[PDB]
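Close look at the chain arrangement
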Amino acid sequence: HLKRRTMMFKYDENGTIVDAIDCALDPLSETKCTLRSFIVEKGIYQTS
Amino acid sequence: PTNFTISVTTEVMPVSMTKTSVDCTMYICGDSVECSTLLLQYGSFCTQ
Ligand SMILES: *[C@@H]1O[C@H](CO)[C@@H](O)[C@H](O)[C@H]1NC(C)=O
Ligand SMILES: *[C@@H]1O[C@H](CO)[C@@H](O)[C@H](O)[C@H]1NC(C)=O
């Protein structure tokens, strides 16, 4: 069953979606979402 | 001069101010889902 969520999609060089993450699943996914990236460097990050 | 005074005086210097963070989705919208959407167009400004 689908739910209303925000998700981040990564498009490759060819335009296909690979390796999406679900924001507001865990706070690590949330700071991935707010960084617009799938690599998170070491440190402290404020979330909502 | 034939004498002297040993003077101790204070100098007050500010060093740090209060650190703060802002949740935009909490400030701009109270808990409105209708306001949480249409705020997605302004997410870059809040990350800034
Ligand atoms: C894009 O497509 C080309 C041609 O099929 C392929 O060689 C290449 O590996 C693809 N790039 C990806 C999957 O990142
Ligand atoms: C210097 O001043 C102090 C404090 O008033 C005093 O006790 C002392 O006798 C003075 N010294 C001289 C050489 O006048």
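In the PDB header, cryo-EM is given as the technique by which the entry was determined, and 2.13 Å as its resolution.

**Here's the deal with the site of ligand 1**
Residues and elements named next belong to chain A. Taken together, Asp-12, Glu-13 and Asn-14 form the complete shell of residues around ligand 1. Measuring from an oxygen atom of ligand 1, one finds a side-chain N or O atom of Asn-14 at 2.3 Å. In the complex, 27% of the free accessible area of ligand 1, which totals 360 Å², lies under the protein chains.

**Looking at unusual backbone geometry**
Negative phi values dominate among residues other than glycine, just as trans dominates among peptide bonds. In this model, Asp19(A) sits at a positive phi of 60 degrees, which is unusual for a non-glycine residue. Mapped onto the elements of the fold, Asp19(A) is located in the loop between β1 (7-8) and β2 (21-22). Even without being a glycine, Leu38(B) presents a positive backbone phi close to 70 degrees. A residue is classified by how much of its surface remains accessible, and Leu38(B), at 58% relative accessible area, is exposed.

Each value, and the rule that gives it
Residues numbered from 1 in each chain as written, not as in the entry; some residues may be left out. Chains lettered and ligands numbered in written order. Part of a larger assembly, values for the part shown. Heavy atoms only, no water. Near = heavy atom within 4 Å. Polar contact = N/O pair within 3.5 Å; in protein donor to acceptor, adjacent residues only side chain to side chain. Areas by Shrake-Rupley, 256 points an atom, 1.4 Å probe, with all protein chains shown as cover. Helix = DSSP H or I, 4+ residues; strand = E, 2+ residues; numbered from the N terminus. Buried < 20%, exposed > 50% of the residue type's maximum accessible area, 1.4 Å probe, protein only.

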